[PDB]
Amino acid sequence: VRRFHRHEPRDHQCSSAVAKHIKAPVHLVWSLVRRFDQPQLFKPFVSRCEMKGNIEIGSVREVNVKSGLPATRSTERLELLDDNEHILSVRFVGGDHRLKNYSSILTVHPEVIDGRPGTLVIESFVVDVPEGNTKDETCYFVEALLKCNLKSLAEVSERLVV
């Protein structure tokens, strides 16, 4: 399940992936992820998010993040949303986050966890390494934020199954 998460980063780009197993059915987890206009639903770093019009390919949301972070704003563009295959692709097109040409692929797959309905979520990305940082630093920084967001998605999904 990395036909969707295989990347060819250039020499001055870095790529990685993070995964998370969620004790909730895929339909519930995907219904959270699909809501492109409300990332605050499971991302604790988001304090507001605006996007004009309906959710469609090419839609752009303007994300404001809370205090205690290196960035404050981020402009992100919906590249792919497959509601049948549960694939969400986003591209960063602005913001003070220093993550340029950031492209990411999120997929959610069915799994049995402890005999009950579960979910595997995988988010991979490619991004330019900004000058003055290493590939190991850029990956570690992005993975840490993605890991916190997937853990919060797991908590949100599992406390809506109760």
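One rule holds for the numbers: they count along the sequence shown, beginning at 1.
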Identify the stretch, either 9-17 or 146-154, whose C-alpha atoms have the larger mean B-factor according to the entry. 9-17
Between 96-104 and 52-60, which has the higher average C-alpha B-factor in the PDB entry? 52-60
Comparing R116 with the other modelled residues of its chain, is its CA B-factor in the lowest, middle or highest third? highest
Place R91 in the lowest, middle or highest third of its chain's C-alpha B-factors, as listed in the PDB entry. lowest
What third of its chain's C-alpha B-factors does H27 belong to: lowest, middle or highest? highest
What third of its chain's C-alpha B-factors does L41 belong to: lowest, middle or highest? highest
Ranked against its chain, the third holding the CA B-factor of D128: lowest
